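Trainee: Mapping of the sequence shown onto the entry's author numbering: residues 4 to 219, 223 to 401, in sequence order.
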Amino acid sequence: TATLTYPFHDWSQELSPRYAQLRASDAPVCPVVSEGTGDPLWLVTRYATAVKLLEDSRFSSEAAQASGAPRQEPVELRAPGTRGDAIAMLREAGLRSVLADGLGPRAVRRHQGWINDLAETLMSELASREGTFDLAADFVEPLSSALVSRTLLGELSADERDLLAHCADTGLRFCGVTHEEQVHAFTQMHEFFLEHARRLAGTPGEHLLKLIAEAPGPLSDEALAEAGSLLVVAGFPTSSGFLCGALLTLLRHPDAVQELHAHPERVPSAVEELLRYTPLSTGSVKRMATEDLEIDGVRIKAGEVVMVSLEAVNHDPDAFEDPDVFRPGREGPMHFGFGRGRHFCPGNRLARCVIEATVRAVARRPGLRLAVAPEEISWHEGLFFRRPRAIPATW
Ligand code: HEM
Ligand SMILES: CC[C@@H]1NC(=O)[C@H](Cc2c[nH]c3ccccc23)NC1=O
Ligand SMILES: CC[C@@H]1NC(=O)[C@H](Cc2c[nH]c3ccccc23)NC1=O
Numbered sequence: 004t005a006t007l008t009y010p011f012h013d014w015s016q017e018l019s020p021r022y023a024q025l026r027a028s029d030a031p032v033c034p035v036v037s038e039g040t041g042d043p044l045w046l047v048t049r050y051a052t053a054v055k056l057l058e059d060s061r062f063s064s065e066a067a068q069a070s071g072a073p074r075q076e077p078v079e080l081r082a083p084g085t086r087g088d089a090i091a092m093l094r095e096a097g098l099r100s101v102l103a104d105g106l107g108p109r110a111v112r113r114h115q116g117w118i119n120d121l122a123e124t125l126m127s128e129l130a131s132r133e134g135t136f137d138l139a140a141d142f143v144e145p146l147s148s149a150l151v152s153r154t155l156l157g158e159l160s161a162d163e164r165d166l167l168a169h170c171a172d173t174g175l176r177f178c179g180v181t182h183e184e185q186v187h188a189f190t191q192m193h194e195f196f197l198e199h200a201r202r203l204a205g206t207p208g209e210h211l212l213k214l215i216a217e218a219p223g224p225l226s227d228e229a230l231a232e233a234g235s236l237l238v239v240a241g242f243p244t245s246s247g248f249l250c251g252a253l254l255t256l257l258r259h260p261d262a263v264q265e266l267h268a269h270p271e272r273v274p275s276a277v278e279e280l281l282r283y284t285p286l287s288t289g290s291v292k293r294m295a296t297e298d299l300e301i302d303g304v305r306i307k308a309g310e311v312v313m314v315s316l317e318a319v320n321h322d323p324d325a326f327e328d329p330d331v332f333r334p335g336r337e338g339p340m341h342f343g344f345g346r347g348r349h350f351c352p353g354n355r356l357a358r359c360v361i362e363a364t365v366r367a368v369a370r371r372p373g374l375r376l377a378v379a380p381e382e383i384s385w386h387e388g389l390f391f392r393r394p395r396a397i398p399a400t401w
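(1) When you compare the CB positions of residue 393 and residue 250, do they come within less than 8 Å of one another, or not?
(2) What does residue 178 pair with, by DSSP beta-bridge criteria?
(3) Closest to residue 372 by C-alpha separation, out of 194, 257, 395, 350, would be which residue?
(4) Using 10 angstroms around the beta-carbon of residue 194, count the other beta-carbons present and answer buried if the total reaches 16, otherwise exposed.
(5) Take the Cβ of residue 99 as the centre, count every other Cβ of all protein chains shown within 10 Å, and call the residue buried at 16 or more, exposed below.
(6) Can you tell me the Cβ-Cβ gap for residue 387 and residue 179, rounded? I've got them flagged as a contact below 8 Å.
(7) How long is the line joining the alpha carbons of residue 246 and residue 365, rounded to whole angstroms?
(8) Kindly identify the DSSP beta-bridge partner or partners of residue 389.
(9) Does at least one heavy atom of ligand 2 sit under 7 Å from the Cβ of residue 390?
(10) Can you tell me the Cα-Cα spacing of residue 385 and residue 219, whole angstroms?
(11) For a quick check, are the C-beta atoms of residue 210 and residue 146 less than 8 Å apart?
(12) Please report the residue range of the alpha helix (DSSP H) in which residue 26 lies.
(13) With distance defined between alpha-carbon atoms, name the residue in 149, 270, 87, 81 nearest to residue 124.
(14) Residue 197 and residue 227 look like a contact to me (Cβ under 8 Å); what is the Cβ gap, rounded to whole Å?
(15) Mark residue 132 as exposed unless 16 or more other C-beta atoms lie within 10 angstroms of its C-beta, in which case mark it buried.
(16) List the whole-angstrom C-beta distance separating residue 215 from residue 111, where the pair is believed to meet the contact cut-off of C-beta under 8 Å.
(17) Residue 228 by DSSP, collapsed to three states: which one?
(18) Among 237, 60, 68, which one has its Cα closest to the Cα of residue 290?
(19) Assuming residue 367 contacts residue 122 (C-beta within less than 8 Å), just tell me the rounded distance between them.
(20) Got a sec: does ligand 2 put a non-hydrogen atom nearer than 7 Å to the Cβ of residue 64?
(21) Grab the span of the alpha helix (DSSP H) containing residue 274 for me, first residue to last.
(22) Taking its Cβ as the centre, do 16 or more other Cβ atoms sit within 10 Å of residue 127, making it buried, or is it exposed?
(23) Kindly examine ligand 2 and report whether one of its heavy atoms sits closer than 7 Å to the Cβ of residue 103.
(24) Going by the CB atoms, is the gap between residue 334 and residue 279 shorter than 8 Å?
(25) How big is the Cα-Cα spacing for residue 361 and residue 353?
(26) Between residue 57 and residue 347, is the Cβ-Cβ spacing less than 8 Å?
(27) For residue 338, which residues of its own chain have a beta-carbon under 8 Å away from its beta-carbon, when the five flanking residues on both sides are left out?
(28) What do you get for residue 307, buried or exposed, if any count of 16 or more other CB atoms within 10 angstroms of its CB means buried?
(29) Examine ligand 2 and report whether any of its heavy atoms sits within less than 7 Å of the Cβ of residue 215.
(30) Cα separation between residue 482 and residue 397?
(31) Give the DSSP bridge partners of residue 34, in chain order.
(32) Do the segment 316-325 and the segment 61-79 touch if we need at least three Cβ pairs shorter than 8 Å?
(33) Looking at the secondary structure, which residues open and close the alpha helix (DSSP H) in which residue 74 lies?
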């Protein structure tokens, strides 16, 4: 119909041109309709409006996650009949900030050493390869797998890692699998943690699941299972998608990489520019109005859901001059790659650490290049978190 359906099917790094058109329109909030559910939704694409939305206490993230809320995703992201309320269930047990605690600066200082070791080990193995090699399979996959085992869940079997990864790729989708396959993904994940979370949390290590389980009524197995599913969904396809996308951005900008090779102290700024420039989610961050309000003049009624596309905001020319240029020296406002306000990614420091290690491993080795044109890269169509099927590269 004449109301836009959402999302915009921009599964590659080419952002849908619709986002810029909506940004330039006379509306600061645009009504859309969910393709997967038919629910009405509002969509924000301007940086200035997005700041107002994500800093407004009248907009609730948790209320937008509740069953029956208008939503963009085709299937509810919980096992049927369960809360799907992991952060609140941790808060209920007295686990104030266990998430941010176990992912903050002290955790980076524990893990950054082996993270950089592993990035170097992986890249050094690639430096010995002939012909074309795959940076997705042979760099991003082992690095992200080690990240999830060592920092989030505990030492996983290869079969366990393969299983959780498949559940993430199957359930976190707008399309490409059946309804039944999508629910079975969130079923199989929840069933998986109900049985194995206690054992995983009990092994020696610093992993977040152990911290959650071993912090001060006892922690129910349903809450520990909800925490496991939370860490997979929030930590696994995001890190793997982003690292793949960041590598593509670097390979597409050899002049920038040459600068980082010569001046490695500029890597942290390049990390921030990657977080702004490289797209990740194909949907949007969402919030529910808990009372009638106006945002930039547009009246929103209690119960309505307003979305912000982080990609659209990160490419807003009102915020970032030449927004479609990858400019590591950039000194613009804070990017939205980790969101904004109360729900700012609590994994942001760990993510920055793994991104930095990846950038350094690339910048240290001149000659790395994409083996084919960018438009020939194949993409997993329909994922919430963009990811190419492979990244063929050569020296
Ligand atoms: C490059 C990697 C990552 C990116 C780009 C990213 C991005 C984001 C963004 C944009 C949000 C805000 C969502 C919103 O406002 O509704 C968020 C929230 C969150 N992130 Fe990250 N993330 C990454 C990695 C991770 C990792 C490794 C973890 C580890 C578990 C993690 C855990 C979380 C959690 C639990 C939330 C929910 C916070 C809340 O709703 O209050 N993230 N992330
Ligand atoms: C993480 C699960 C849960 N659900 C939410 O809608 C928000 C936003 C969010 C952050 N990371 C995601 C990965 C996949 C889907 C949604 C999200 N916060 C939550 O904690
Ligand atoms: C539509 C299905 C799913 N629902 C969400 O709430 C998150 C919000 C979000 C936007 N960009 C991100 C990057 C990393 C982690 C979370 C997010 N995105 C989704 O795609």
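Beta carbons: idealized from backbone N, C-alpha and C, even for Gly.
Mentor: The relevant details are as follows:
(1) As a working mapping, residue 393 is identified with position 387 in the sequence shown. As a working mapping, residue 250 is identified with position 244 in the sequence shown. Cβ distance < 8 Å, so residue 393 and residue 250 count as in contact.
(2) By 1-based counting over the sequence shown, the position of residue 178 is 175. Answer is none; residue 178 lacks a bridge partner.
(3) If you number the sequence shown from 1, residue 372 lands on position 366. Residue 257 is the option with its Cα nearest to residue 372.
(4) Start at 1 with the first residue of the sequence shown, and residue 194 comes out as number 191. Exposed, since its Cβ has fewer than 16 Cβ neighbours within 10 Å.
(5) Within the sequence shown, numbered from 1, the residue matching residue 99 stands at position 96. Exposed, since its Cβ has fewer than 16 Cβ neighbours within 10 Å.
(6) Working through the sequence shown from its first residue, we reach residue 387 at position 381. Working through the sequence shown from its first residue, we reach residue 179 at position 176. That belief holds up - the Cβ atoms of residue 387 and residue 179 are roughly 6 Å apart, short of 8 Å.
(7) Looking up residue 246 in the sequence shown gives position 240. Looking up residue 365 in the sequence shown gives position 359. Between residue 246 and residue 365, the C-alpha separation is close to 14 Å.
(8) Your numbering for residue 389 matches position 383 in the sequence shown. Looking at the DSSP assignment, residue 389 forms a beta bridge with 176.
(9) Mapped onto the sequence shown, residue 390 falls at position 384. Correct: residue 390 has its Cβ closer than 7 Å to ligand 2.
(10) In the sequence shown, counting from the first residue as 1, residue 385 sits at position 379. In the sequence shown, counting from the first residue as 1, residue 219 sits at position 216. Looking at the two C-alpha atoms, the distance is approximately 44 Å.
(11) Counted from its first residue, the sequence shown places residue 210 at position 207. Counted from its first residue, the sequence shown places residue 146 at position 143. Contact: no.
(12) One-based indexing of the sequence shown puts residue 26 at position 23. That run of the alpha helix (DSSP H) goes 20-26.
(13) Residue numbering aside, residue 124 sits at position 121 when the sequence shown is read from its first letter. The shortest C-alpha separation from residue 124 is found at 149.
(14) Counting from one through the sequence shown, the residue named residue 197 turns up at place 194. Counting from one through the sequence shown, the residue named residue 227 turns up at place 221. About 6 Å; that satisfies the 8 Å criterion.
(15) Looking up residue 132 in the sequence shown gives position 129. Per the 10 Å Cβ criterion, exposed.
(16) Taking the first residue of the sequence shown as position 1, residue 215 is located at position 212. Taking the first residue of the sequence shown as position 1, residue 111 is located at position 108. That pair is no contact at about 18 Å.
(17) Numbered from 1 along the sequence shown, position 222 holds the residue referred to as residue 228. In this structure, residue 228 counts as helix in the three-state DSSP scheme.
(18) In the sequence shown, counting from the first residue as 1, residue 290 sits at position 284. Among 237, 60, 68, the Cα nearest to that of residue 290 is on 68.
(19) Your numbering for residue 367 matches position 361 in the sequence shown. Your numbering for residue 122 matches position 119 in the sequence shown. Between residue 122 and residue 367 the Cβ distance is about 4 Å, and since that is below 8 Å, they are a contact.
(20) Here residue 64 corresponds to residue number 61 of the sequence shown, with the count starting at 1. At least one heavy atom of ligand 2 is nearer than 7 Å to the Cβ of residue 64, so yes.
(21) On the sequence shown, position 268 is the one that residue 274 refers to. Per DSSP, residue 274 belongs to the alpha helix (DSSP H) from 273-283.
(22) Stepping through the sequence shown from its first residue, residue 127 is reached at position 124. With fewer than 16 other Cβ atoms within 10 Å, it is exposed.
(23) On the sequence shown, position 100 is the one that residue 103 refers to. Not under cutoff, so the answer is no.
(24) Your numbering for residue 279 matches position 273 in the sequence shown. Your numbering for residue 334 matches position 328 in the sequence shown. In contact: residue 279 and residue 334 (Cβ atoms closer than 8 Å).
(25) As a working note, residue 361 is residue 355 in the sequence shown. As a working note, residue 353 is residue 347 in the sequence shown. Each residue's alpha carbon lies about 12 Å from the other.
(26) Within the sequence shown, residue 57 is the residue found at index 54, counting from 1. Within the sequence shown, residue 347 is the residue found at index 341, counting from 1. Yes, Cβ-Cβ distance for residue 57 and residue 347 is below 8 Å.
(27) As a working note, residue 338 is residue 332 in the sequence shown. So the qualifying residues of the chain are 282, 325, 326, 327.
(28) As a first step, residue 307 must be located in the sequence shown, where it is residue number 301. Looking at its Cβ environment, which holds fewer than 16 other Cβ atoms inside 10 Å, residue 307 is exposed.
(29) Residue 215 sits at position 212 when you count from the first residue of the sequence shown. No, the beta carbon of residue 215 sits no closer than 7 Å to any heavy atom of ligand 2.
(30) Since the displayed the chain opens at 4 and closes at 401, residue 482 lies outside it and no answer follows.
(31) Here residue 34 refers to the residue found at position 31 of the sequence shown. Its beta-bridge partners are 45.
(32) no
(33) The residue you call residue 74 lines up with position 71 of the sequence shown. Careful: residue 74 lies outside any alpha helix (DSSP H) and carries neither H nor E.
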